[PDB]
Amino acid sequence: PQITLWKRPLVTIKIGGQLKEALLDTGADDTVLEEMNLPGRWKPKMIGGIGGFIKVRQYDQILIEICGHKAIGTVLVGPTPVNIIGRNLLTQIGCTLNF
C-alpha cells in the first residue's frame, strides 16, 4: 500500500502469536516493542533515542508479520513510549519513502 502521513502510520503486527499495533518508524534503525513476553533466548542491550539511553532485551531472528508481510529479524523489548518498526524490518517488507 501507499501510506500518507497526515496521521501516524500505525499498523497491526503479529509477533509471538499475538496481535499488536506498531508505528512504522523510518527514523529508527531498530525495532523496539513495549514490555512483553517473547519465546527464545535474549541478550541485554542498550539503545539510545532522543531523550537518552534505555536497557532492552534483544531477541534475534524473531518472526513479525507486518500488514501481512513477513519479516524475521532482531526485536528489542523495553520501555519504549510506542511500539516502533524500524529499518531493520522495514527493509525486509520492501518499504520505501517516496516524494
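Heads up: residue numbers just count along the shown sequence, starting at 1. Take the two forms, superpose them, and find the largest set of C-alpha atoms that agree within 1.5 Å; that set is the rigid core.
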{"property": "More shifted region, core-based fit in 9 other deposited structures of this protein, 38-46 vs 58-66 by CA", "result": "38-46"}
{"property": "Greater mean Cα temperature factor according to the PDB record, 1-9 or 90-98", "result": "1-9"}
{"property": "69-77 versus 33-41 - greater average Cα B-factor per the deposited record", "result": "33-41"}
{"property": "Third of the chain's Cα B-factor distribution that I15 belongs to, per the entry", "result": "highest"}
{"property": "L63 CA temperature factor, ranked by third within the chain", "result": "highest"}
